[PDB]
2 protein chains.
Amino acid sequence: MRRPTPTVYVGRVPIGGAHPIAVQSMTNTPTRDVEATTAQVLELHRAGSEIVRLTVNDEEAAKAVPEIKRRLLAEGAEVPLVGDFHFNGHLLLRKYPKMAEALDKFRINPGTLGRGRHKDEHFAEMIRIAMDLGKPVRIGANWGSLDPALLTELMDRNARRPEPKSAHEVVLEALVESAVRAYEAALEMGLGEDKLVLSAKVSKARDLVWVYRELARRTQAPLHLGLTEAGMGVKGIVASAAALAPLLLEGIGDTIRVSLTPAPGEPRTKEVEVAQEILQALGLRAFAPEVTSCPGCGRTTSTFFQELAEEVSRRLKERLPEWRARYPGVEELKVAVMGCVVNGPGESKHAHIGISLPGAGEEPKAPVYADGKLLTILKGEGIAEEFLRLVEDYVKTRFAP
Amino acid sequence: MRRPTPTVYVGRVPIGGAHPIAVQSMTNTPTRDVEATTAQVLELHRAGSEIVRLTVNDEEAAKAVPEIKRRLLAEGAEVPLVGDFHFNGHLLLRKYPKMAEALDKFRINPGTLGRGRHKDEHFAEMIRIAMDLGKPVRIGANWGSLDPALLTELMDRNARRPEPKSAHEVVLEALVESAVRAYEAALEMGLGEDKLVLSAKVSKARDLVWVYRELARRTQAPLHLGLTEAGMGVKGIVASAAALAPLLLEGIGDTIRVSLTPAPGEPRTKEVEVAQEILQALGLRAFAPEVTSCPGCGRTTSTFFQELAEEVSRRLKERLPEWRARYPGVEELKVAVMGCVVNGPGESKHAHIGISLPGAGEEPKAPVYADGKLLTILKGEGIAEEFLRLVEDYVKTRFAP
Ligand SMILES: C#CCCOP(=O)(O)OP(=O)(O)O
Ligand SMILES: C#CCCOP(=O)(O)OP(=O)(O)O
Ligand code: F3S
Ligand code: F3S
């Protein structure tokens with residue numbers, strides 16, 4: 001069901017309907033701080049951010065970008081950099097051509113170009129520079145910065161309707177129109193279809209689904225999908241997954257970014273982890289082995305079961321760097337850890353390998369299944385260590401080169 | 001878009017297309033431990049579990065249920081109880097009529113009824129008892145416990161097809177068929193449409209969407225929706241949201257349960273919180289005020305912004321018990337906390353009330369918007385306390401009785 005699109009290369013990373021959905025992220029360090037920004041770019045890339053965006057907000061930020069890129073290259077890190085421009089993007093790209101050349105993509109917001117007539121000039125200048133340098137561009141609209149003139153135009157169109165739509169609905173129409181008009185304008189100026197990505201972000205999940213369905217229908221471009229301003233903690237994680245899934249399941253979206261607010265002291269890499277989990281939950285990409293486990297109920301002994309599931313998950317995460325190097329395809333591994341006979345055997349049989357613990361009323365033994373059939377039955381002390389040895393043995397055989 | 005269904009009352013809680021989607025959960029204490037189970041039922045109910053399920057797995061569990069119910073009633077807690085039966089449900093309901101009468105709903109799994117001919121007898125006996133006592137029933141299939149005879153029947157049907165489907169696809173067909181056949185059988189026996197809820201759970205999100213679309217098409221019943229065995233931590237949360245959202249957005253589902261594995265020492269109420277967050281993210285129910293905040297970038301000072309967003313979220317959660325009592329509709333409150341001028345004002349204008357902090361290059365002042373227009377501009381020390389006073393003032397006026 002994947003929506004076909006042309007391919008847009010962001011550095012070495014291809015984005016589009018023929019390619020895996022790419023995970024990206026954005027730094028939160030001051031871009032002018034070269035050491036801090038370089039470190040975080042590397043951190044995010046190592047966590048799985050295939051593309052990294054950084055704000056290029058003033059002259060000091062712009063002068064730093066070439067040095068950041070140089071440092072990344074010096075350690076063989078080929079992570080593409082997207083420059084986020086607002087208000088003065090045309091001035092910065094004009095004045096600092098080394099920055100323009102160092103970036104792998106430019107982000108333009110059609111709502112932060114300036115006022116009235118100046119918008120069109122500023123937009124054209126940035127597209128001109130991208131064309132001269134062979135750079136791709138994201139035209140990214142956001143409802144936090146919606147073009148007010150376009151909003152009035154569409155409010156007037158709506159008022160003329162036999163049955164006018166709500167103000168809220170018109171805001172969404174205008175956001176879509178902002179992206180689509182700027183898309184069409186960039187194409188008319190000669191920027192190639194292989195150099196244009198679009199986004200039109202809102203902060204409410206049901207609205208995001210409406211917007212992206214319209215974008216997908218009305219344009220041919222690959223789409224950068226995300227729920228903007230998703231927020232903190234569990235709310236942010238849930239809202240982001242809830243917003244993206246209906247679209248990704250329908251085949252809409254070519255790159256994603258999860259816009260979480262970090263808690264103080266929480267790593268910026270959390271958003272990368274969440275993005276990966278969304279794609280893997282929907283079977284669109286595989287990044288690491290996953291554990292299926294039941295919630296546990298009154299049929300299990302809660303703490304032993306919870307401890308085993310946690311220990312198995314912890315070991316898989318410890319083994320992954322090595323496994324990824326030795327065992328191609330191991331990212332697809334499914335392990336089950338289950339609490340009793342009700343669903344334990346059946347769920348374990350659906351995993352590559354799973355263990356079903358004895359619950360209430362059962363004999364104190366734990367069947368282990370692999371590839372849908374009984375492998376062995378464990379008992380006594382060290383169930384956990386015996387199981388993890390069996391998982392290691394399984395991986396060696398199943399995912400051998 | 002909500003799928004119409006008859007109403008099924010679970011105690012005082014109506015489930016169906018005419019009613020709010022109900023959040024439920026399940027205990028993990030041994031049901032025989034009356035003190036522990038009663039406490040957790042109350043804990044879950046207080047967290048927002050409108051219905052609570054408990055395993056009734058043996059005779060000791062069954063004898064405990066009437067006392068649990070008595071204790072709940074003694075504190076005016078009207079929380080409906082669902083009894084989860086496997087293997088011996090027919091024996092327990094027969095032998096312990098006080099338990100049968102004390103429960104507000106019976107859960108039957110058509111894959112844990114027994115072997116061959118005995119299945120039909122056991123099923124009929126449980127439905128007989130529900131009918132005699134006027135109790136509703138969930139017929140809940142789970143792929144961890146799929147009826148093997150039905151699976152063979154459908155494997156044979158599939159082998160006769162001009163183009164046979166995959167084994168995996170046939171497993172899903174069989175799961176649906178298990179629920180649908182048992183549904184039809186219960187109706188034919190005289191159990192009313194106002195007494196039947198269906199579920200057919202799998203552990204993979206894209207498969208769950210397929211299954212529930214089939215269930216929704218082929219039956220008229222309200223549906224209990226959940227991703228079974230979702231797992232631990234972020235994986236579990238993301239998988240659950242990703243699986244449910246496409247269905248809930250399409251109007252499918254009448255009650256949900258989130259099947260998270262608690263980390264050792266993590267409260268059982270986490271699943272209730274996640275369930276509520278899924279429904280609120282999709283605009284289907286409102287439980288508590290929510291904070292929209294940006295991720296922060298190099299345009300903000302990371303820690304001040306993150307600290308303010310966290311402090312605002314913490315205060316809203318502290319004020320809620322009181323607010324819920326005084327200010328009807330306050331559950332719908334949207335507050336924004338934003339990092340700079342790029343999206344700060346616009347996003348704040350979409351919330352009921354929001355603050356936009358000064359980012360890089362800006363004057364050190366923080367505009368506050370309420371109902372889409374400028375309310376005031378804050379500066380200096382105590383921005384956080386001044387903002388929270390403004391939020392209190394706003395709530396008093398907006399959500400006054
Ligand atoms: C830049 C910035 C703040 C908002 O980031 P976002 O990824 O949520 O939205 P975007 O910048 O509109 O793509
Ligand atoms: C009971 C039990 C273990 C699985 O619980 P679940 O809510 O994920 O699935 P269900 O019992 O099939 O409704
Ligand atoms: S939730 Fe309960 S039914 Fe068994 S497989 Fe897990 S212990
Ligand atoms: S993410 Fe950055 S652009 Fe401004 S509103 Fe938030 S600081």
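Our numbering is plain: 1 for the first residue shown, then up by one each step along the chain.
Recorded method is X-ray crystallography, 1.7 Å.
Here the Cβ of each residue, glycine as well, is placed from N, Cα and C on the backbone.
For the [4Fe-4S] cluster site that Swiss-Prot gives as B:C294, B:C297, B:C340, the extra residue drawn from B:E332, B:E347 is B:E347. DSSP assigns B:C294 ([4Fe-4S] cluster binding site) to coil in the three-state reduction, outside any helix or strand. For B:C294 ([4Fe-4S] cluster binding site), the Cβ neighbour count at a 10 Å cut-off comes to 30, with all displayed protein chains included. Proximity of the binding-site residues (B:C294, B:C297, B:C340, B:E347) to ligand 1: a Cβ under 6 Å from the molecule is found for B:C294, B:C297. Around B:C297 ([4Fe-4S] cluster binding site), the same-chain residues six or more apart in sequence whose CB sits under 8 Å from its CB are B:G339, B:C340, listed in sequence order. Counting every protein chain shown, the Cβ of B:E347 ([4Fe-4S] cluster binding site) has 27 other Cβ atoms within 10 Å.
Those binding-site residues from B:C294, B:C297, B:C340, B:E347 lying by chain A, with Cβ under 8 Å from one of its Cβ atoms, are B:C294, B:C297, B:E347. When Cβ atoms from all protein chains are considered, those within 10 Å of B:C340 ([4Fe-4S] cluster binding site) total 25, not counting its own. Following the DSSP three-state reduction, the secondary structure of B:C340 ([4Fe-4S] cluster binding site) is coil.
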